[PDB]
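>
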Ligand SMILES: Nc1ncnc2c1ncn2[C@@H]1O[C@H](CSCC[C@H](N)C(=O)O)[C@@H](O)[C@H]1O
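Residue numbers (this note's numbering): 6 to 252.
1. Determine, using beta carbons only, whether residue 150 and residue 242 come nearer to each other than 7 angstroms.
2. Quick check on the contact list: which residues have their beta carbon closer than 5 angstroms to a heavy atom of ligand 1?
3. Just mark residue 239 as buried or exposed, buried being the case when its beta carbon has 16 or more other beta carbons within 10 Å.
4. Using the C-alpha atoms, what's the distance from residue 166 back to residue 258?
5. Compute the beta-carbon to beta-carbon distance between residue 229 and residue 216, rounded to the nearest angstrom, for a pair I have assumed lies under 8 angstroms.
6. Given this structure, state the Cα-to-Cα distance separating residue 175 from residue 23, to the nearest angstrom.
7. Report all residues from its chain with a CB closer than 6 angstroms to the CB of residue 99; omit the five preceding and five following residues, and keep chain order.
8. Considering only their Cβ atoms, is the gap separating residue 90 from residue 70 smaller than 7 angstroms?
9. Is it right to say residue 202 is buried, meaning 16 or more other beta carbons lie within 10 angstroms of its own, or is it exposed?
10. Does DSSP put residue 102 in a helix, a strand or coil?
11. Could you tell me the alpha carbon to alpha carbon distance between residue 87 and residue 66, rounded to whole angstroms?
12. For residue 204, does the three-state DSSP call read helix, strand or coil?
13. Using C-beta distances below 6 angstroms, list every residue in its chain close to residue 156, excluding the 5 sequence neighbours before and after it, in chain order.
14. When we look at the beta-carbon of residue 36 and count the other beta-carbons within 10 Å, is it buried (16 or more) or exposed?
15. Any idea which residues DSSP pairs residue 159 with across the strands?
16. Please determine, among 204, 220, 246, the residue with the shortest C-alpha to C-alpha distance to residue 178.
17. Below 8 angstroms, can you find three or more Cβ-Cβ pairs linking the stretch 140-149 to the stretch 98-113?
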């Protein structure tokens, strides 16, 4: 999961190519949910990347900690929020028992689980890691709503060279038994003579299939929002799944 080059050599570049509004709205949603859980709030960010959300959460008074399977992400996150709040650790290793009030997994981290069996294992570990009444926020990929185009992002190079850096990206459902998606990334920095291609296999990229899996993992309540706006799921390619553990 954390071994893909996108999250290692290109970890900092991953951040630069993520639209700012995407970060601001989803992070605000998380902080809103933390408030609705009371004070203090113990939060685990599963796949925290460079730790932007952990910073916002900790600045808001949340007892936020994170895990990521990428060594380069952990290093970047620890530089932002210190060493004790971030751990190199796979979501498949989660073994806490009731330690958190809110578990968050944004930006499709959960689909790096190995198939449905892997997803169910991780969701059950997340379920066990939450207190009774605790909640989870999982951002998923609904592959059937993926853009039907190869997308492109251009940004200036290390010394301001215009369009020196390009990413092309393609998301398509795979013809598999279980709903899954091939997420293809191409990275190029022309001035530095860098060219990377990489094909991420993402498992259970279907909002209805994911919700049913969340139920099977033990969550009493499961809600799918179209976005941080909290509208009902309709056409979003990256809806938000909110789950609650029974009392
Ligand atoms: N099995 C796994 N366990 C923990 N983290 C994983 C993982 N597989 C992939 N990841 C991590 O999940 C991230 C997916 S992209 C991260 C962006 C996301 N918006 C965020 O919260 O930061 C990467 O940092 C990658 O290293």
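All C-beta atoms in this analysis are idealised placements derived from N, C-alpha and C, irrespective of residue type, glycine included.
For this structure:
1. yes
2. 6, 7, 12, 52, 54, 73, 74, 75, 78, 95, 96, 111, 112, 114, 117
3. exposed
4. The shown model of the chain, from 6 to 252, leaves out residue 258, and the question about it has no answer.
5. Sure, about 6 angstroms apart at Cβ, within 8 angstroms.
6. 15 angstroms
7. Same-chain partners within the cutoff: 130, 134.
8. In contact: residue 70 and residue 90 (Cβ atoms closer than 7 angstroms).
9. Looking at its Cβ environment, which holds fewer than 16 other Cβ atoms inside 10 Å, residue 202 is exposed.
10. coil
11. 15 angstroms
12. strand
13. 174, listed in sequence order.
14. buried
15. Looking at the DSSP output, residue 159 shares a beta bridge with 171.
16. 204
17. Contact between the stretch 140-149 and the stretch 98-113 is present, because at least three Cβ pairs lie under 8 angstroms.
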